[PDB]
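Presented below, as structure tokens, is a lone chain in the form deposited in one PDB entry.
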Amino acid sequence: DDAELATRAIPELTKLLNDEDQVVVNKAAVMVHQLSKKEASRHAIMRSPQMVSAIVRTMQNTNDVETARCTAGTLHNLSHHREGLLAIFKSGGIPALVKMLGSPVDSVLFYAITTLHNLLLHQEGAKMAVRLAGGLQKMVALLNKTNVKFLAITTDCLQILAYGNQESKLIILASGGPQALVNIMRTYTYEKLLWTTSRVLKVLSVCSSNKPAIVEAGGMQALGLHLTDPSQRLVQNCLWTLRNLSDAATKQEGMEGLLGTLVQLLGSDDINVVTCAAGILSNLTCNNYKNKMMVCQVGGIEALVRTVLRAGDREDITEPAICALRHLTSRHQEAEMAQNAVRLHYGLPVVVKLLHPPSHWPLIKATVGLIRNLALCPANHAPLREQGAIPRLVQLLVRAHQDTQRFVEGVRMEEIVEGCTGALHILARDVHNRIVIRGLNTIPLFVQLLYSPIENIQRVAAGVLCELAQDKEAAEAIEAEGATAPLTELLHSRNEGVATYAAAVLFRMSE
């Protein structure tokens, strides 16, 4: 092989590169490049600190595109070896290469970004080095190029540098990262680039700065395009990102495509896919009635009821599935259809079951909120009674009220007291439900709740009592508990619900 010749050549070629004649520099740059193309002589170049330092200074300071291309090309080749990568680093190559990410030669940009890529992965010190040389700003600026292989390398450098570095995330945000990354997701079909870009947006999705910029750049809809891709890793990184973003996207429009796919993904064999879909749907159905309607239009109620059945005790599925059903069963034109659909798709038994152990407080709290909504539909009154909702709602209520007189699993018991009394307020619309509720000897507790300093507890207590006091026997029980005392104080409340309900109970107890 060459070997011998390569070594004797380097010393001369180094001197030629540092020459005044920019024609001699250029012919040297070309033969240096050519040597770098054979393993024999490539090892020669990497052994020579002076030669590598000469290549980095030529590239950085040349005006021949040919010698920019050739010198960068040489660094590309050196960067495939341990000796070469350390050489480039020690020769101050990282600042040089970052300068070359402003080149208006495509071959130079390619060689530059691949070299920095090999350094970021294979040379300790290079991540901090590239960051301090302003590599992020240069790389985000390059996200407007159109070569899918180049972009795949650029987005991969951005992911490496953004990961667990909150300054780099803010630099990517401040340089216009999110808009560029979203634009990639809705232009290119190249799986490696889409995947790498989805992984960048994932790192950024947990940053409370970037999160809203990604959503406003139209990132929900763009990531949405890819949820039915053949590539698992693409779909999964998109799902994870959407989940991270979803709580900031409740006010986005044009989300019908997404919501349709998420209802379809509830049916996945992969329980991770089902769980992310449930959580995203939970968030996007949060106070947005267009979303609530769209999810109902595409079989959402049935699909969620089936997720809850499928999930069993796995509370990571049931909590967001139940919150979604809760959001879908209230405050939108199709809330009444949904309340019926839960019953017709055999949801009521599983829903009432989830009020019991082993359910934890957050699921029980969501389940109470849902039962409260389901009970707005009169056709649910008897079914819910028959599944024993009422005695279990009263048992939760008493415990919460006893617990509050000294909270648990990241839920306030004051919150269980409101929910349960609210659900009982609505169920109490049915005369058979009222007989059961009275039968549990609850009127004394309801009256003590009128002494709660919490407006919302005052309102539901006065609420259920107002329903009970329809019937002579209850109106007499309520009066006998000295309810007129707190009720006439709640008369003069700033809260409309409280004062309106207080007045109703009082009227139903008067001469």
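So that there is no doubt, residue numbering starts at 1 and follows the sequence shown.
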For at least a third of the other PDB entries compared, is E511 missing from the model even though its neighbours are present? no
So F407 is built in this one, but is it left out in a third or more of the other compared PDB entries that include its neighbours? yes
Our gap detector needs a label for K251 to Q252. Which class matches the unmodelled residues of the deposited sequence there: none, 1 to 3, 4 to 9, or 10 or more? none
Decide which of the stretches 480 to 488 and 27 to 35 has the higher mean C-alpha B-factor, going by the entry. 27 to 35
As the entry reports it, the stretch among 397 to 405 and 157 to 165 with higher mean C-alpha B factor is 397 to 405
Using the temperature factors of the C-alpha atoms in this entry, rank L449 within its chain: lowest, middle or highest third. lowest
Entry-reported Cα temperature factor of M509, expressed as the chain third it lands in: middle
Could you say whether, by C-alpha temperature factor, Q297 belongs to the lowest, middle or highest third of its chain? highest
Binned into thirds over the chain's modelled residues, the C-alpha B-factor of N380 lands in the middle
According to the PDB entry, is the CA B factor of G224 in the bottom, middle or top third of its chain, that is, lowest, middle or highest? lowest
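Although it is not shown, the form deposited in another entry is what the next lines describe.
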Same rigid block for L227 and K138 between the shown form and the other one? no
